[PDB]
Structures are given as structure tokens and as C-alpha cells.
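Peer 1: Opening piece of the complex, as it sits:
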Amino acid sequence: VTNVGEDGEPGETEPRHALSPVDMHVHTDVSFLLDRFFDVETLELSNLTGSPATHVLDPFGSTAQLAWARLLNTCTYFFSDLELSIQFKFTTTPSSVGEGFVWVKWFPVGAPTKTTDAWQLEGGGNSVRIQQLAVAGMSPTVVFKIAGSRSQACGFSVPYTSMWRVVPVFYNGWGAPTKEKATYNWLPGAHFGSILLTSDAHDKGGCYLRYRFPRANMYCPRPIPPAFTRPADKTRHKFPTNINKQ
Amino acid sequence: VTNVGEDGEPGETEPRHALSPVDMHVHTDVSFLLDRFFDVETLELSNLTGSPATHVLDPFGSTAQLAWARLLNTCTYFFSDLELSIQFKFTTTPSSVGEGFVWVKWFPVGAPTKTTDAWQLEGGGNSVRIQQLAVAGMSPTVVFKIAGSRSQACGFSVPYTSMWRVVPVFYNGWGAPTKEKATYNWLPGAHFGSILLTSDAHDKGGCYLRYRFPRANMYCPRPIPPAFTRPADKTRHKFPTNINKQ
Amino acid sequence: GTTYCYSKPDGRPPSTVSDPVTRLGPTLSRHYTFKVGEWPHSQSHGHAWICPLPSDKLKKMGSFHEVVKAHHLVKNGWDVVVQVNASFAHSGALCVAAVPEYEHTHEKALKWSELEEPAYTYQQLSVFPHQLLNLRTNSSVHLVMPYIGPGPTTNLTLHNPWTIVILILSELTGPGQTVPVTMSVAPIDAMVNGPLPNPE
């Protein structure tokens, strides 16, 4: 009612010569917010021998206060490719590992799994056994050394493997006929596939997972979790910054 | 009066067949004088654990006899992008650090700040904790190793972040409603943003800040500070040089 | 003669307010005229009258004054004319200037006052938009400054961008009396934002 200002008048609000543009919104571009490296996870290695476990690239669980945590929670359905950096930190005296040969293998959404030592390198007694799937072949293997290695890390790009045209970050259903608990918001292969780190370290070190999700596609906006306690009435939420009264 | 020479004549000066050009002034080009690396500052690191402090890229204070000190004092308002080099020097016996993994993170004009250990890498007991914001993500992280690292330095470019279309290197006003001391020539976010260096060194080392300011834009010339004591009457100011009586 | 502070004044309306904008007709931002001070025979060089515009003296613009009272921000230039009064038997000169974010003021901010500059400054004061008042030549310095500052407009209650320096170059040499300085500020291209409430 009445609209454009100055007259005390009922529905009549005042004028607003709305703003110009700068930045063209671009930072809030879902594809851009997601194409960078995130420190998601931290895990330890496996000994070259034993009958070890594969690890799963599932950045959909969350709960850890991390920005990329939420954001993936912001949408119902997601699709993007993957990109890694694995860094391996030291947890003892760095002079313990002279070699430090690390085997890594990537497993695509839905690959077979049981592995036991099965490859045997020998030479001058002693002789090493690497893992049955640590080996090089079909799924990409990546071997790197950490011995003065100016950056104890390795890295690469890996495609959207799932058999699902998109991934439901939420699922009002079960992924199995047996409607068991655990099988709730599940639906199998709703992730990026898996990896196996294995080495004569394993002890002496932890890892550093890092994902970069290029080509981000987000479908169906969802409620965006608060992330901070509710401040008191009629007040602000004061925080420490690059600004502030010095 | 009279002008062009030879006649004793009053206002009449003599002739001057003014000079040619060479160098086209170009060195005094504000954009060029500023696009190089300056050793501005020197600071120490922070332990991977504790509840540390961010550092502020404010090259506007000055007082230190450094050329780039003045020059930034030569103008009222400034704008340029930033560029860094961080070198980390050793302050003990270089054989103390076998690893020397250093986490750095850059914070844009006006970012949140409280950080405590929050990321935990584990593997074979011991286990490391890095900083809550040392982690990789939104603001750029840079991790480098200093272990034989042929150049113990790292480096990168960072954009003009401030919310101010330009930065007042001088401010006849306050940046807060509470006209307190400290809040004088202040006005928040009148700088480049901040950084956090953190590592299993911290002790064993200092740092080496270096800025390069590309795209320099200087508005309103200001008085240019003298930099040397006032010499005696009718004399010169003799100095040591690449010339001089040998 | 008319000297411009960096550029003629723009009547552009603030790049940073979707908020409703009242422009000030001259008849509101009228003209104001006060006495700076009495340049005396003793005041050795390097002295000066700081006139940071407009504050301190803002209570006295009694009309322009009024609208800037009940309004959050303003963008405006300044037609300003400093007028020393002296005979042809006096000697000496000053240099009066408009300075961008001038500061030293021993935080007696936005209050006009008196100081003694460091020297490298009076020597280089002229590096700003200034004019010479030479007692054997003229008796008036005239300048016009435009809105200026980090923000596309500011709060005159917290920040004064423009500030007139009235510097003493050659001491007042001549008849025993003093030479009264004076100044007429009148706002150019005034523009306000956000009316504040009622003083109750």
C-alpha cells in the first residue's frame, strides 16, 4: 500500500536507491568454494604385512567443526570429482626411517577387497613382502619415499566413480532388504571409493588426508547449521578478528 | 622582466638550452619502485600447540630506517596487492631439526581468530596436534619442510582484501564510537590481513618477512622525511660510496 | 585567485548507501565567517593554526550545523578563504594549506588549536594544495576542497578529512601590533544520510 515514501502514510515505506555491484557474488559460487584443498581426516598407515583394512573416502558424515563439514550438509544431493594430497607426518625421531617406502593404492566405488601379503621382493636374505593389492596395476598405485623427501607428501586426481548418477547426502530409506539399523541413511557406494596406505613406517607416522572437490554440483538446498552458541538478548556476538579495538 | 640574457638588465636571466632525456624518469615510477621484495619485519613462530596469536601485515607504522618505511609515508592513501617470502633462519645448531614441518595460514582482511590445538594426527603413540586454523581449507595454508630444504623458504601472492576502496596511511579521526586513545589514526582493516606460522621448531628459529607490493597506487603526495642529520653551514654532507677518493 | 584542492567538487551521491539521501541546498549549507587568531610579533616560524574542518567550530555553523546534527553521515567540499589583516608596513608571510588526514594534533582531535611543526614539514608543507600569503603582495589565500577520504563519505563527528594549516613562514616584522587572521568556511555540495532520532 502507497510504497514510495515521505507522507506518514500506512503501507508507505521510504525509498531505497539500492546498491551497485563489485565482486559479482562469485565467492558464493558453489563450484569455487569447493575446488580447493581441505584437511579432511587424519589416519595411520598399515604394515606391509598382515591382513589390513582399506579406508573410505566418505566426507558426508561430518560432525567435526570444519566448514567443509557443513556446506556438504547444505545440500541434499552432491556430485564432484576428487583430488588428494596425503602428507605423512612424523610421530617419532625422524632419523628412524632411512628408507620409508610407502605404498598407496586407490580403489574405485565398488572394488573387491581382501588383501594379505602376496608380493615378495627378495635380495640378500631379509626380503620384503608388500600387499596383495598394494601392487601396481588396474587401480592406481602411488609409491613415494620419505627420506629427506623435501615434502613428505604425494597427490593426485580421481573421478566420480559411484554407480549413482548423484550422491544422496541424506536417505529416507535403507540400502538393504534387511531393514537393519546401520542400513539407514546408507545406500552403498554413496562416496568416492577407498585407499590403502602401507609401509615400513606405519608406526613412526600418521597421515593427513586432504580432498579438493572440483566440478562441484549441489542439488536441493537444505538448512545450514548455526555453528556458534545463541548469543544473549538484544546483544551481538563479539568475536576476535583482524579488526577490533587494539 | 626582459628574460633571455646578456645585457646586465634587471629581470633578465641568462639562457638555458635545457637538457635531453635518457632514462625517461621511469625509475621514479611509483608502481616500479614498489614491485620488488622488501625485508620488512622479522618474527618468531608459534608451537603447534597452545592457544597462539595471529600476526598483522601492517607495513604502515614505520619508524625503522628502511626506505620502504618512508615512501609508504609519502602518501596519504595507498593500494597495492601483496606478495610474500618467508624464510626461516636457524638460531641454534641446524642438526636439531630432522623434520621441521612448518604450517602457515593466511587470513584475509577481517577473518575470525581464536585457535587452539584441534587437529590430531596420530600413529605409533606420541601423536601430533596441529592448530585449529593451521589446517588446510578456506584461507590458504602453506606447509613446507626445512630439512636440507635447499632454501628454507616458502612464498606466494595475496590480493587486496580490505573493505576500504583504498587505505588511509593517515587518519584524522577514530575507528570507534568510543573515541579512546589507541583508536586514533586507526580505522580497522586498513592493512593486508594476517598470518600464522607454527611448527615443531618455534624455538630453533626466527622468520624473515618480505613483502612485494605489486600494482602500487599512491594518492595525495605528502612530506617526505629527511632521513639524515642536518649538515653544517655552507658545507655538503660527505658520505661513503662506490666513487670517492681512494 | 582560486586554487583547487586536488579537484573540483563532485555532487555525486555516495557509492555506499542504499539509504535515502538529502542533498543540501546552499541556503541550508550557507556561509560562515570566524577569526582564526592574531599572528603576533613573537611567534617564531614553524607555528600554525590548525583548523580541522569543521568540528570544534561545528556547533557554530547554526543551520548547516543543524542538519548534520540529526544525520549520520555527510560528504561535502569546502570553499574556505583565509584573511590576514595587516598594513603595508608589516612584513612576513604564511602559507595556509588544506591537508588530507592531517594529524599530529596531540589527539586534541577535531579541536582547532596551535602548534609548531617539526620543520621538514613546514619546509615541505607546500607539497600540499596551499597558497602563499606574502605581506608585500596580497592579503588573501583562497582554496576549495572536494569530498575526500577512504570512505565514499564519512562521519564528521569521527573524522574530519580536510584540515587547514595556517603556517608562519617569515615572522611578523613591522609595526608593534598583531595581524588578525580570519577565515570563511562555507560547505560545498553537502549530502546527508540516516536521520537519527529525537534527543529525549
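Peer 2: Great, that's in hand. Residues are numbered from 1 along each chain as shown, chains lettered A, B, ... in the order given.

Peer 1: can you confirm residue A:139 is in a helix?
Peer 2: No. Using DSSP: H, G, I helix; E, B strand; the rest coil, the secondary structure at residue A:139 is coil, not a helix.

Peer 1: Any figure for the gap between it and residue A:19?
Peer 2: Computed with C-beta to C-beta, to the nearest Å, the distance linking residue A:139 and residue A:19 is 52 Å. Where C-beta positions appear, they are placed from N, C-alpha and C, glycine not excepted.

Peer 1: same check, this time on residue C:70
Peer 2: When residue C:70 is compared with residue A:19 (using C-beta to C-beta), they lie 24 Å apart.

Peer 1: Over to residue A:39?
Peer 2: Between residue A:39 and residue A:19 the computed distance is 36 Å (C-beta to C-beta).

Peer 1: Specify which residue of these two has the higher count of neighbours.
Peer 2: Per other C-beta atoms under 10 Å in any protein chain shown, whichever of residue A:39 and residue A:19 has more neighbours is residue A:39, with 23 against 11.

Peer 1: need the contact list for that one.
Peer 2: Contacts for residue A:39 were tallied using C-beta atoms under 8 Å, 6 or more residues apart in numbering or on different chains; they are A:208, A:209, A:210, B:119, B:135, B:136, B:137, B:141.

Peer 1: The last one against residue B:134, yeah?
Peer 2: Yes. Look at residue B:141 against residue B:134 with C-beta atoms under 8 Å: they come within range, at 6.8 Å.

Peer 1: What residues does chain A have near chain B?
Peer 2: Residues of chain A that fall close to chain B, judged by C-beta under 8 Å from any C-beta of the partner chain: A:36-39, A:42, A:44-45, A:65-68, A:85, A:87, A:89-95, A:148, A:150-152, A:202-208, A:210, A:239-246.

Peer 1: Top of the contacts of residue A:39 by number of neighbours, please.
Peer 2: Highest count within the contacts of residue A:39 by other C-beta under 10 Å belongs to residue B:136, 25 neighbours.

Peer 1: Could you measure from residue C:128 over to chain B?
Peer 2: Applying C-beta to the nearest C-beta, to the nearest Å, one obtains 8 Å for the distance of residue C:128 from chain B.

Peer 1: Near that residue, how many other residues are there?
Peer 2: By other C-beta under 10 Å, the burial measure for residue C:128, its neighbour count, is 20.

Peer 1: what's the closest non-adjacent residue to it?
Peer 2: The spatial neighbour of residue C:128 that comes closest, neighbours along the chain excluded (C-beta to C-beta, 6 or more residues apart in numbering or on different chains), is residue C:97 at 4.8 Å.

Peer 1: Now the one you found, what are its backbone angles?
Peer 2: The phi and psi torsions at residue C:97 (degrees, to the nearest 10) take the values phi -140, psi 170.

Peer 1: Another chain to add, chain D:
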Amino acid sequence: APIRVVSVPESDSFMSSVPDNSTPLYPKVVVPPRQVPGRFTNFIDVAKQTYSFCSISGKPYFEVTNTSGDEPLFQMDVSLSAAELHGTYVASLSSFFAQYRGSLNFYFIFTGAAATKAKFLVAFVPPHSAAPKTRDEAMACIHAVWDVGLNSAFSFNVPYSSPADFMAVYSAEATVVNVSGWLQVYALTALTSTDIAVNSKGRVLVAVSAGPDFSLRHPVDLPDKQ
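Peer 2: This next block brings in chain D, placed alongside the chains you saw above:
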């Protein structure tokens, strides 16, 4: 024939935001196509074309009773890190950044029964003084009048007023780019009702959409919860 190369000083450093990508190790993957509706492109779109519901003492509405006068009914420090925003979309989206910019639209939906009527002065008070405390105090400022019983819902635009080309998504001890003012709804009259024993009060929901000129910048990582 070998190329002549110099190893730039940072050479073996990592850096988590490289504008470039890593080496592929599983090529030739063609992906299945997706019809799946509502793929959003940019976060500002849902924030603009979407109303969030405010936060006051825990509920998303404010009350009018058959007794009120000039006591301000709704008040908020215009800052993203303000209270009455805490619950909302816009506010929470902005946590993902450093600087915000623009006007915000408020939607008040009076929800008292049709037998009921009332009026309010929604006003915006510029960040100077020390905050008004009565209608007759705010009235001198930007405000409009809402007679519930003309529109049962109304929109009000909290403008962007600042020397600040951008503003602070992460506010704190009052700075010059920390606050843009105060939103206040006051009670113009009180609750008139067919029968005051049934309808004695009214609940006006209050929602927040993002402003058309609204924008966000400089993505940031999360500090310690607080």
C-alpha cells in the same frame, strides 16, 4: 638440448588453494547423467530467494498484548553476528565469510486471529547515539506504519549505510564497520479484539530474506566454537 631451469625458492612447498589441479590417474570415466531437480549454482541465490525465520527469546515471533505503548517490542543490533539472526539461513551462510554487503528484507506476518487488529511502527535507527527507548523517540527516523488489517504481512528493507564498501560478518567490540544500526518494531496501538477473554495477544512472525544488493566475500575457516 635440455631446457635451462631455475628452481623457484618455494619449489617443494604445498599451499592448499593452488589455482591449479593435480595429475589424473584414472582417465576415461564417463559418468551417468542426472535429471535431478533444483541444482543450485551460487549460495546467494537461495539466500535471496528465501526467507529464514528470526530468533527472539527462542521463538521466531514477537508478541503484542492488550497493553504496550512505547516500550520497544523488537530490537536488534544490525550486525550479522546479532542475536535475532542466530537461528537463520542468511546469518549462518555468512559465517562462511568475512564481509557482507547490502540491505536485508524483513517479513512480519501478523498471525493473530481475524477478530483481532493492531498497528506497529517498524523503524531503523542509525548507529550513533545510545539507542532510543520509546516510539516518540524513534519516530524521527526511517520507519513506516503497519496497520495489521490492511496487509496481514509486511516487508521492511534494512538498508546499507556505510563509508564501508563492505561490512563485518564477524562483529565484535564496537568498530566503524561492525554495526550498520538497529532494527526496532514498536507497538503503534495495542490489541483490539472482538472478545478480549479469547484473544488477548498476537504473534507476528518475523522472517529475513537476503537483500538484492546483498553479497558476501573472502571465504574463511572456522575458529573455536563460542
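
Peer 1: again for the contacts of residue A:39, chain D present now?
Peer 2: Residue A:39 makes contact with A:208, A:209, A:210, B:119, B:135, B:136, B:137, B:141, D:16 under the criterion C-beta under 8 Å, 6+ apart.

Peer 1: redo that, cut-off 6 Å
Peer 2: Listed by C-beta atoms under 6 Å, 6 or more residues apart in numbering or on different chains, the contact partners of residue A:39 are A:210, B:135, B:136.

Peer 1: With residue D:9 instead?
Peer 2: B:151, B:153.

Peer 1: what do you get if the cut-off is 10 Å, keeping everything else the same?
Peer 2: If you count contacts by C-beta atoms under 10 Å, 6 or more residues apart in numbering or on different chains, residue D:9 has them with B:85, B:87, B:150, B:151, B:152, B:153, B:154, B:155.

Peer 1: Tabulate those in JSON lines, adding columns for neighbour count.
Peer 2: Conversion of the contacts of residue D:9 to JSON lines gives the following (neighbours: other C-beta atoms under 10 Å in any protein chain shown):
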{"residue": "B:85", "neighbour count": "19"}
{"residue": "B:87", "neighbour count": "19"}
{"residue": "B:150", "neighbour count": "10"}
{"residue": "B:151", "neighbour count": "18"}
{"residue": "B:152", "neighbour count": "23"}
{"residue": "B:153", "neighbour count": "21"}
{"residue": "B:154", "neighbour count": "26"}
{"residue": "B:155", "neighbour count": "21"}
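
Peer 1: Those residues into JSON lines, with extra columns for distance to residue D:117?
Peer 2: Converted to JSON lines, the contacts of residue D:9 look like this (distance: C-beta to C-beta, whole Å):
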{"residue": "B:85", "distance to residue D:117": "69"}
{"residue": "B:87", "distance to residue D:117": "72"}
{"residue": "B:150", "distance to residue D:117": "80"}
{"residue": "B:151", "distance to residue D:117": "76"}
{"residue": "B:152", "distance to residue D:117": "75"}
{"residue": "B:153", "distance to residue D:117": "72"}
{"residue": "B:154", "distance to residue D:117": "68"}
{"residue": "B:155", "distance to residue D:117": "68"}
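
Peer 1: Keep the residues you listed, but drop any that are not near chain D.
Peer 2: B:85, B:87, B:150, B:151, B:152, B:153, B:154, B:155 (C-beta under 10 Å from any C-beta of the partner chain).

Peer 1: What does the last one show for phi and psi?
Peer 2: By that I understand residue B:155. Note on residue B:155: backbone dihedrals following degrees, to the nearest 10 are phi -180, psi 160.

Peer 1: shouldn't it be in contact with residue B:140?
Peer 2: No. Counting by C-beta atoms under 10 Å, residue B:155 stays clear of residue B:140, with 11.7 Å between them.

Peer 1: got any residues that touch both of the two?
Peer 2: residue D:15.

Peer 1: Which helix or which strand is home to the residue nearest the centre of chain C?
Peer 2: Nearest to the geometric centre of chain C sits residue C:164, at 4.0 Å (C-alpha atoms, centre = their mean). When secondary structure is defined by DSSP states H and E, residue C:164 falls within strand C:162-170.

Peer 1: Here is chain E, add it in:
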Amino acid sequence: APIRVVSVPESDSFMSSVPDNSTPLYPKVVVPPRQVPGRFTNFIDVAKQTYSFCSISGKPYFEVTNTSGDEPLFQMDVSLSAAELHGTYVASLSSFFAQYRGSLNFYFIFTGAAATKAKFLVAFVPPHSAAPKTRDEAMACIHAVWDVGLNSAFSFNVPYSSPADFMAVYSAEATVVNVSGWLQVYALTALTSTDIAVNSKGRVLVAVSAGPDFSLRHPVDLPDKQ
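Peer 2: If we add chain E to the chains shown above, we get the following:
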């Protein structure tokens, strides 16, 4: 398929003036526009289109009294690291470099009261001999005459005379490119005044603008204060 490369000997060295830039880690930042007046481009411009005020015994002027003759009134070793320059813009700007080049303009503004008059011989004396000590000595050289009471201000151009394609911004124990000569103002007559009990002396300000052919080169870092 890998390229064949040889690691040039300096490979992991730093070097602080690389003609090239570092790797970006925060792209897509669009900056707000700036109207803000008086953006200078090159430092020689303000130095040319701007007068600085000289330095003599602490003050920026020299005196004439009702008693003077040939005693030289103003004298300066033409070098940037000269005394009477110490305070000024041009001089201080040049500290930022190694070599200067060209003429400099001097502005003398006589400021004695209008009841007053006087004259001077401003002269420039070439860097050979051992410096003149009386007007009748300098007169044989480049100079003009200033009758204050024709112009109350006058300009005088100290030329560039040297086998030196460039000159020394940092002078010292007398070298061939260390000095270009001597500026001297002498008193042609003395102070005539309507009434000598009131006006007995006069103050001529003396300012220095940069020469049109003036230029600077080879940016340098600051040595120990001295």
C-alpha cells in the same frame, strides 16, 4: 615423454628483485573502485610541479639588513647532499637514489614590507677555483639582477654543467661528479625603507623546484644514519 631438463646452477637461490611474480593463492577477488583524487603516478612529477622551502641556519629564508655590501648572503655547494637542501622535498626524494640529473629552479620571495625595497645579484659559480668572496668577484659569472620592487619574487635556474652524463645524489670528499658548482645570492644594494626604525631588515624565502630536465636513477637502500 618427460621433458629433458638441466637445473641451472643458481636453482634454489632467492634474489629480491626478480622481474617476475609469485604464485596466487586467493584468486577471484574483485576490488571496490576508487574515485579518490590526486593519485600520482611518478615521483618526479610532484618534485617538478612543487616547490620545497630551503634550509639556512634552521629557517627557510635569508636576511638583508640596512648594512651589507659584497659579503655573500646565500651560498651552497651545488650537490644534493648540500646543506640548504637538507630540509626540502627534492633533496629527500633523491636519497632514494644514486644519480640525479638536470637544472633546479630557485624561487626567492622577498617578503619585506611594501614600504621597503632592495636588490640582489643571484649568481652561479662553476666548480673550479676556491669560491668567490665578494660581489665584484662573482659578477664576472652567470647571474641576473633582482630589483625587489619590479617582482617581489623571482625564479633562478641552477643549470646542469658536466662531462657527467649523470650526477651524484650521494656526494662526499670532492670528486668530478660530486659537485656541479655554487649558488650565491649577494646583496646588490641594501634595505631602503620609509622608516628604518620599523623596517630595518627583510626576509627572502627561497624555494626549490625540480628542473624540467631533472631525472633520477638507480634506487638504493639506506645506509647507517649520519
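
Peer 1: once more on the neighbour count of residue C:128, with chain E this time?
Peer 2: Taking other C-beta under 10 Å as the criterion, the count of residues near residue C:128 is 22.

Peer 1: For residue A:66, which residues are in contact?
Peer 2: The neighbourhood of residue A:66, defined by C-beta under 10 Å, 6+ apart, consists of A:38-40, A:59, A:72, B:118-119, B:132, B:135, B:137-138, D:221-222.

Peer 1: er, residue C:49 I mean
Peer 2: C:36-37, C:39, C:82, C:94, C:96, C:112-115, C:164-168, C:181, C:183 are the contacts of residue C:49 under C-beta under 10 Å, 6+ apart.

Peer 1: the strands in chain C, which residues?
Peer 2: Counting by DSSP state E, chain C forms strands over residues C:3-4, C:22-24, C:32-34, C:38-39, C:47-52, C:74-83, C:93-100, C:113-116, C:130-134, C:140-145, C:162-170, C:179-180, C:183-192, given from the N-terminal end onward.

Peer 1: Looking at those strands, which one is packed in the most?
Peer 2: Comparing the strands of chain C by mean neighbour count (mean count of other C-beta atoms under 10 Å in any protein chain shown), strand C:93-100 ranks first with a mean of 26.

Peer 1: if we can go back for a sec, among the contacts of residue A:66, which are in helices?
Peer 2: When the contacts of residue A:66 are checked against helices (DSSP state H), there are no matches.

Peer 1: Contact partners for the residue of chain C found nearest chain B?
Peer 2: Of all residues in chain C, residue C:159 sits closest to chain B, at 2.8 Å by C-beta to the nearest C-beta. Taking C-beta under 10 Å, 6+ apart as the definition of contact, the neighbours of residue C:159 are B:168, B:171-175, B:187, C:52, C:55, C:101, C:109-110, C:149-151, D:163, D:176.

Peer 1: mind running it again at 7 Å?
Peer 2: B:172, B:173, C:149 (C-beta atoms under 7 Å, 6 or more residues apart in numbering or on different chains).

Peer 1: circling back: does the residue nearest to the centre of chain C touch residue C:100 like I think?
Peer 2: No. Judged on C-beta atoms under 7 Å, residue C:164 makes no contact with residue C:100 at a distance of 11.6 Å.

Peer 1: so residue D:45 is in which element?
Peer 2: Of the helices and strands defined by DSSP H and E, residue D:45 is found in helix D:43-48.

Peer 1: And that helix, what does it pack against?
Peer 2: helix D:89-94, strand D:201-210 (3 or more C-beta pairs under 7 Å, 6 or more residues apart in numbering or on different chains; DSSP states H and E).

Peer 1: Which residues belonging to that helix are considered buried?
Peer 2: Going by neighbour count (16 or more other C-beta atoms under 10 Å in any protein chain shown), the buried part of helix D:43-48 is D:43, D:44, D:46, D:47, D:48.

Peer 1: Go ahead and produce PDB holding the CA coordinates of stretch A:84-95.
Peer 2: Taking C-alpha atoms only, stretch A:84-95 is exported to PDB below (Å, rounded to 0.1, in the frame of the first residue of the first chain):
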ATOM      1  CA  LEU A  84      44.000 -35.700  -3.000                       C
ATOM      2  CA  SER A  85      47.100 -34.800  -1.000                       C
ATOM      3  CA  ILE A  86      48.500 -37.300   1.500                       C
ATOM      4  CA  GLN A  87      51.300 -35.900   3.600                       C
ATOM      5  CA  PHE A  88      52.500 -38.300   6.300                       C
ATOM      6  CA  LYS A  89      53.800 -36.600   9.400                       C
ATOM      7  CA  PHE A  90      56.300 -38.000  11.700                       C
ATOM      8  CA  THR A  91      55.400 -39.100  15.300                       C
ATOM      9  CA  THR A  92      58.900 -40.100  16.500                       C
ATOM     10  CA  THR A  93      62.500 -39.100  15.800                       C
ATOM     11  CA  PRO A  94      62.800 -38.500  12.100                       C
ATOM     12  CA  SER A  95      66.200 -40.400  12.000                       C
END
